[PDB]
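Structure, as structure tokens:
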Amino acid sequence: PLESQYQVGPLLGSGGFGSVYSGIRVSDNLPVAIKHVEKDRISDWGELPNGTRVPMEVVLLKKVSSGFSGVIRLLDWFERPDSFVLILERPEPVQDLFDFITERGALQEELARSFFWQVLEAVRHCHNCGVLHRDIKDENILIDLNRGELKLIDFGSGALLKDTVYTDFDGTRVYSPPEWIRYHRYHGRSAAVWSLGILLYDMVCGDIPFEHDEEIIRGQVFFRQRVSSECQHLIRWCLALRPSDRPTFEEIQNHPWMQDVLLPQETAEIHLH
Ligand SMILES: C[C@H]1NC(=O)c2cc(-c3cccc4c(=O)n(C)c(NC(C)(C)C)nc34)[nH]c21
């Protein structure tokens, strides 16, 4: 079933998420990514409309799949005795945002705006579909280098979106908000906005602003690179200590720094090609 339909390529990476391989769908040569996750390492389980026990990640990916290219599409999945296998679409050529920022250092604001805007559209789409990612970061964003389009990946820490408090968290700590650090409590939207503030800082400064818990709790932002006052303001707003002081997604996208975003293709022509 898996063997015949897909031709396995090299390992693309591995970690807390499992092991992901390059691959090709044999029927039409479609480029794909093949993610293997061991069952013992899955603590968050969900159920399909069919009534079948699967990893929450599969539920979340099905809920966000559509023609919209801002989220990585789940093409298929398979259960094995001790693992699940996910077949994901794979852009070609591609580079993840962490590697891209490592190579370039701090991104020009025009590029950061285009990239951040697309992440915002992608995250809004997830929320609109009832899905909370809970691990927004550069390592979980792929750049389609030809078209200049970003894609969200890895819903392995995600959850169904809800309006009540979350008391579990399995995402990346240095992107997690002060209310999680201090109280082990957060709400979905406002926690996401905090991670977006960390991400934007990372884009325009070349690295994340906080390393230790005490830095997260103090929430004092120091700019290590030249960043415009408008961008600094948006960053500090997203990183407001009190969750209710953070901007809504609407307020982020209406912020003056976010005006006149480049289209993805224009972004590729100017900054990537
Ligand atoms: C981070 C990891 N966790 C996931 O759920 C997932 C999916 C991919 C993924 C999907 C499609 C294409 C790619 C790809 O082309 N590359 C190069 C990578 N590389 C990393 C992120 C594994 C280093 N992942 C892809 N990577 C991950």
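Ordered as shown in the structure tokens, chains take letters A, B, and onward, while each chain numbers its residues from 1 and ligands are numbered from 1 in the order shown.
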Show me which residues line ligand 1, defined as having an atom within 8 Å of a ligand atom where only C-alpha atoms and all ligand atoms count, and present them as a compact mmCIF listing (two decimals) with N, CA and C atoms, in the first residue's frame.
```
# COMPACT_ATOMS: atom_id res chain seq x y z
N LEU A 12 14.95 13.97 5.33
CA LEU A 12 14.99 15.43 5.35
C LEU A 12 15.29 15.98 6.75
N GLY A 13 14.87 15.26 7.78
CA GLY A 13 15.18 15.67 9.14
C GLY A 13 14.47 14.81 10.15
N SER A 14 14.85 14.95 11.41
CA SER A 14 14.19 14.20 12.46
C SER A 14 14.29 14.93 13.78
N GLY A 15 13.38 14.62 14.69
CA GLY A 15 13.38 15.26 16.01
C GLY A 15 12.14 14.91 16.79
N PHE A 17 9.23 15.79 16.35
CA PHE A 17 8.17 15.50 15.38
C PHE A 17 8.20 14.10 14.75
N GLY A 18 9.30 13.36 14.89
CA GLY A 18 9.44 12.07 14.20
C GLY A 18 10.53 12.12 13.13
N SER A 19 10.32 11.38 12.04
CA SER A 19 11.30 11.32 10.96
C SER A 19 10.60 11.58 9.64
N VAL A 20 11.12 12.54 8.87
CA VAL A 20 10.51 12.97 7.62
C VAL A 20 11.45 12.72 6.44
N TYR A 21 10.96 12.01 5.42
CA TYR A 21 11.76 11.66 4.24
C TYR A 21 11.25 12.37 3.01
N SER A 22 12.16 12.69 2.10
CA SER A 22 11.74 13.09 0.77
C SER A 22 11.15 11.86 0.09
N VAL A 32 6.66 14.53 -2.75
CA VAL A 32 5.97 14.41 -1.47
C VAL A 32 6.97 14.33 -0.32
N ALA A 33 6.45 14.50 0.90
CA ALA A 33 7.22 14.28 2.11
C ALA A 33 6.52 13.20 2.92
N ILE A 34 7.31 12.32 3.52
CA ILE A 34 6.78 11.16 4.22
C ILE A 34 7.21 11.24 5.68
N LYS A 35 6.25 11.48 6.55
CA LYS A 35 6.50 11.64 7.97
C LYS A 35 6.09 10.39 8.74
N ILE A 72 0.57 23.28 4.70
CA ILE A 72 0.99 22.04 4.06
C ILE A 72 -0.21 21.08 3.97
N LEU A 88 2.72 14.10 2.90
CA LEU A 88 2.51 15.54 2.82
C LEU A 88 2.97 16.05 1.47
N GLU A 89 2.37 17.14 1.00
CA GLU A 89 2.85 17.76 -0.24
C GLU A 89 4.25 18.29 0.03
N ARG A 90 5.06 18.43 -1.01
CA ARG A 90 6.43 18.94 -0.89
C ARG A 90 6.74 19.91 -2.02
N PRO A 91 6.84 21.22 -1.72
CA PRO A 91 7.30 22.20 -2.71
C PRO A 91 8.75 21.97 -3.12
N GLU A 92 9.09 22.39 -4.33
CA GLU A 92 10.38 22.07 -4.95
C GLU A 92 10.71 23.16 -5.96
N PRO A 93 11.77 23.96 -5.71
CA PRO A 93 12.68 23.97 -4.57
C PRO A 93 12.07 24.63 -3.32
N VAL A 94 12.62 24.28 -2.17
CA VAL A 94 12.08 24.71 -0.88
C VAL A 94 13.23 24.93 0.10
N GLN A 95 13.01 25.83 1.06
CA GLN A 95 13.91 26.01 2.20
C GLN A 95 13.08 26.46 3.41
N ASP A 96 13.34 25.88 4.58
CA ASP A 96 12.61 26.27 5.77
C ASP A 96 13.13 27.63 6.26
N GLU A 139 11.22 27.23 12.15
CA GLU A 139 11.45 25.83 11.78
C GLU A 139 10.20 25.15 11.22
N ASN A 140 9.02 25.71 11.51
CA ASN A 140 7.75 25.14 11.04
C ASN A 140 7.13 25.91 9.88
N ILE A 141 7.97 26.66 9.17
CA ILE A 141 7.54 27.40 7.99
C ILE A 141 8.45 27.05 6.82
N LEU A 142 7.86 26.59 5.73
CA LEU A 142 8.59 26.33 4.49
C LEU A 142 8.39 27.47 3.52
N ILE A 153 3.85 24.04 8.64
CA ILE A 153 3.99 22.60 8.78
C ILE A 153 3.95 22.19 10.24
N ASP A 154 3.78 20.89 10.44
CA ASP A 154 3.82 20.24 11.74
C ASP A 154 2.72 20.67 12.71
N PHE A 155 1.61 19.96 12.65
CA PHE A 155 0.52 20.17 13.57
C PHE A 155 0.55 19.15 14.70
N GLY A 156 1.72 18.60 14.98
CA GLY A 156 1.89 17.59 16.03
C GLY A 156 1.73 18.09 17.45
```
Could you give me, as an mmCIF file with C-alpha atoms, in the first residue's frame, the residues within 12 Å of residue 100 in chain A, counting only C-alpha atoms and dropping anything in the same chain fewer than 4 positions from it?
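Generated output (part_21.cif):
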```cif
data_model
loop_
_atom_site.group_PDB
_atom_site.id
_atom_site.type_symbol
_atom_site.label_atom_id
_atom_site.label_comp_id
_atom_site.auth_asym_id
_atom_site.auth_seq_id
_atom_site.Cartn_x
_atom_site.Cartn_y
_atom_site.Cartn_z
ATOM 1 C CA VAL A 94 12.083 24.707 -0.882
ATOM 2 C CA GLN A 95 13.910 26.007 2.201
ATOM 3 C CA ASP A 96 12.615 26.275 5.772
ATOM 4 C CA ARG A 104 20.853 35.675 5.375
ATOM 5 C CA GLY A 105 20.892 36.962 8.915
ATOM 6 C CA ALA A 106 18.281 39.620 9.624
ATOM 7 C CA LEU A 107 15.742 40.027 6.793
ATOM 8 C CA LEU A 111 10.764 40.768 2.905
ATOM 9 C CA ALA A 112 9.828 40.311 6.582
ATOM 10 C CA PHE A 115 6.642 36.660 4.951
ATOM 11 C CA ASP A 138 10.703 29.586 11.763
ATOM 12 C CA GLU A 139 11.454 25.829 11.776
ATOM 13 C CA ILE A 141 7.541 27.401 7.995
ATOM 14 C CA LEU A 142 8.590 26.330 4.494
ATOM 15 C CA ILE A 143 9.399 28.814 1.747
ATOM 16 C CA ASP A 144 8.461 27.887 -1.818
ATOM 17 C CA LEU A 145 11.462 29.645 -3.369
ATOM 18 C CA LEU A 150 5.183 30.258 2.757
ATOM 19 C CA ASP A 202 13.349 36.638 14.711
ATOM 20 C CA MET A 203 12.736 37.725 11.106
ATOM 21 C CA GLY A 206 18.153 37.240 12.920
ATOM 22 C CA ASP A 207 17.427 35.534 16.258
ATOM 23 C CA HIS A 271 14.252 38.725 -2.805
ATOM 24 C CA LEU A 272 14.562 35.022 -3.660
#
```
Tell me which protein, DNA and RNA residues are within 10 Å of residue 228 in chain A, counting only C-alpha atoms, leaving out same-chain ones fewer than 2 positions away, and put them as a PDB file with N, CA and C atoms, in the first residue's frame.
```pdb
ATOM      1  N   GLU A 109      13.102  44.590   5.884  1.00  0.00           N
ATOM      2  CA  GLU A 109      11.732  44.721   6.371  1.00  0.00           C
ATOM      3  C   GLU A 109      10.675  44.414   5.317  1.00  0.00           C
ATOM      4  N   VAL A 204      13.305  40.018  11.720  1.00  0.00           N
ATOM      5  CA  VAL A 204      13.976  41.311  11.530  1.00  0.00           C
ATOM      6  C   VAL A 204      15.300  41.477  12.296  1.00  0.00           C
ATOM      7  N   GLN A 225      19.441  44.776  16.092  1.00  0.00           N
ATOM      8  CA  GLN A 225      19.606  45.271  14.725  1.00  0.00           C
ATOM      9  C   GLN A 225      18.764  46.521  14.537  1.00  0.00           C
ATOM     10  N   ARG A 226      19.072  47.274  13.487  1.00  0.00           N
ATOM     11  CA  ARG A 226      18.287  48.440  13.123  1.00  0.00           C
ATOM     12  C   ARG A 226      16.910  47.982  12.646  1.00  0.00           C
ATOM     13  N   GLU A 230       7.983  51.551  13.544  1.00  0.00           N
ATOM     14  CA  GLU A 230       6.670  50.966  13.320  1.00  0.00           C
ATOM     15  C   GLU A 230       6.746  49.461  13.582  1.00  0.00           C
ATOM     16  N   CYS A 231       7.794  48.826  13.074  1.00  0.00           N
ATOM     17  CA  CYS A 231       7.992  47.403  13.280  1.00  0.00           C
ATOM     18  C   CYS A 231       8.238  47.085  14.753  1.00  0.00           C
ATOM     19  N   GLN A 232       9.077  47.890  15.405  1.00  0.00           N
ATOM     20  CA  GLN A 232       9.316  47.751  16.846  1.00  0.00           C
ATOM     21  C   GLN A 232       8.014  47.826  17.651  1.00  0.00           C
ATOM     22  N   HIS A 233       7.169  48.801  17.314  1.00  0.00           N
ATOM     23  CA  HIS A 233       5.875  48.962  17.961  1.00  0.00           C
ATOM     24  C   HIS A 233       4.995  47.715  17.813  1.00  0.00           C
ATOM     25  N   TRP A 257       2.852  49.333   9.913  1.00  0.00           N
ATOM     26  CA  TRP A 257       3.962  48.522   9.387  1.00  0.00           C
ATOM     27  C   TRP A 257       3.546  47.461   8.365  1.00  0.00           C
TER      28      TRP A 257
END
```
Using DSSP on the backbone coordinates, identify all residues within range 184-246 of chain A classified as alpha helix (DSSP H); present the result as a PyMOL selection string. chain A and resi 188-205+213-218+229-238
Could you please determine the separation between CA of residue 163 in chain A and CA of residue 131 in chain A in Å, to one decimal place? 11.9 Å
Point out the residue among A:60, A:86, A:217, A:193 with the least atom-to-atom distance to residue 126 in chain A, counting only C-alpha atoms.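 Closest candidate: A:60.
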In Å, with one decimal, what is the gap from CA of residue 185 in chain A to CA of residue 117 in chain A?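 Going from CA of residue 185 in chain A over to CA of residue 117 in chain A covers 27.6 Å.
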